[PDB]
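Scroll down for the structure; my scribbles are underneath it.
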Amino acid sequence: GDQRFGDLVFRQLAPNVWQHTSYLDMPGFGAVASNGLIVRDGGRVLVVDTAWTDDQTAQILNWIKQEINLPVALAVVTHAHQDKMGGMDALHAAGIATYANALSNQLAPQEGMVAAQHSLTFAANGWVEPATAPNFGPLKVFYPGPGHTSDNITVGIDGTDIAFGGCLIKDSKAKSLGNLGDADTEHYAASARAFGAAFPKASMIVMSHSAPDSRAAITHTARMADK
Ligand SMILES: C[C@H](CS)C(=O)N1CCCCC[C@@H]1C(=O)O
Ligand SMILES: [Zn+2]
Ligand SMILES: [Zn+2]
């Protein structure tokens with residue numbers, strides 16, 4: 001299943017969907033995996049999240065060229081931390097249009113990230129304002145509320161059973177939500193449940209720091225945020 005391509009790993013999840021995985025030695029935590037997505041929509045490719053670094057992100061684009069060989073129309077990144085936004089400059093160097101929550105772009109400089117070119121804004125109910133996500137094809141973008149960070153967003157893939165929780169969701173047997181340094185501890189639990197309710201038919205939950213899991217990942221995350 002897994003395909004090793006340099007120091008990255010790619011796994012097909014559905015006919016038009018792949019998970020990209022990249023690793024960063026975080027002193028004190030080991031070599032930490034981070035997952036994002038690659039989606040083919042007809043004659044173009046859409047990317048969810050960068051890798052940790054520009055070099056790794058360029059390797060994602062090289063893998064796309066080899067395995068899909070269609071242009072990358074856009075990328076959307078799911079919050080202003082390095083695992084999701086660390087490779088922005090590589091996307092820009094490649095000419096790819098980039099999108100993030102407006103709040104992620106606001107936070108990017110202080111978090112050490114390069115901002116995306118375009119800002120997404122969200123309705124009161126959490127769904128992206130459609131004019132801010134033009135030409136997103138099957139990507140359905142949802143702001144569940146503050147949790148892992150104030151800016152975290154999530155993405156469903158229409159035509160599949162897949163929803164991507166990014167760093168908000170941990171798998172059903174995880175033991176910790178992380179260090180919570182940037183987390184909204186008051187609202188985290190509600191935000192996790194809101195993600196599940198926004199994508200109620202998704203049976204494959206993809207997330208940044210666990211392999212894909214069933215919907216049990218959402219309720220386990222939500223219970224731990226209760227603490
Ligand atoms: C870099 C990354 C951005 S989500 C990060 O800070 N993490 C996630 C990796 C391992 C856990 C530590 C910390 C956390 O979530 O507590
Ligand atoms: Zn994060
Ligand atoms: Zn993360």
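Lettering and numbering for the structure tokens are positional, with chains as A, B, ... in the shown order, residues counted from 1 in each chain, and ligands counted from 1 in the shown order.
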
Within 6 Å of ligand 3, counting only C-alpha atoms and all ligand atoms: which residues, as a list in words?
residues 83, 167 and 208 of chain A

Using only C-alpha atoms and all ligand atoms, which protein or nucleic acid residues are at most 9 Å from ligand 1, as an NGL selection string?
:A and (24 or 26 or 29-30 or 32-34 or 52 or 79-84 or 148-149 or 166-168 or 176-183 or 208-209)

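Our summary of the geometry notes that atom CA of residue A:111 is positioned 25.0 Å from atom CA of residue A:19.
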
Show which residues sit within 10 Å of residue A:91, as a ChimeraX atom specification. Count only C-alpha atoms, and ignore same-chain residues fewer than 2 positions away.
/A:47,50,54,57-58,60-61,72,74-75,87-89,93-98,116

Requested write-out: C-alpha atoms of the selected residues, as a short mmCIF file (atom, residue, chain, number, x, y, z; two decimals), in the first residue's frame:
```
data_model
loop_
_atom_site.label_atom_id
_atom_site.label_comp_id
_atom_site.auth_asym_id
_atom_site.auth_seq_id
_atom_site.Cartn_x
_atom_site.Cartn_y
_atom_site.Cartn_z
CA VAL A 47 -3.52 19.59 -2.55
CA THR A 50 2.09 21.20 2.58
CA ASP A 54 9.88 23.45 1.16
CA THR A 57 6.79 19.95 -0.58
CA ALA A 58 8.71 20.13 -3.86
CA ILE A 60 5.20 16.11 -3.30
CA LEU A 61 4.96 18.05 -6.54
CA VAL A 72 -1.81 21.37 -9.53
CA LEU A 74 -4.52 24.99 -5.95
CA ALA A 75 -3.57 24.05 -2.43
CA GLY A 87 6.21 24.38 2.44
CA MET A 88 4.27 27.41 1.21
CA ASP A 89 7.26 28.91 -0.60
CA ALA A 93 7.74 28.85 -6.58
CA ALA A 94 5.76 26.27 -8.60
CA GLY A 95 3.06 28.81 -9.48
CA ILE A 96 0.31 27.15 -7.43
CA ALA A 97 -2.49 29.30 -6.00
CA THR A 98 -2.75 28.91 -2.23
CA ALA A 116 -1.16 31.73 1.65
#
```

Selection: 7 Å around residue A:146, only C-alpha atoms, excl. self and same-chain fewer than 5 positions, as a list in words:
residues 151, 152, 184, 187, 188 and 191 of chain A
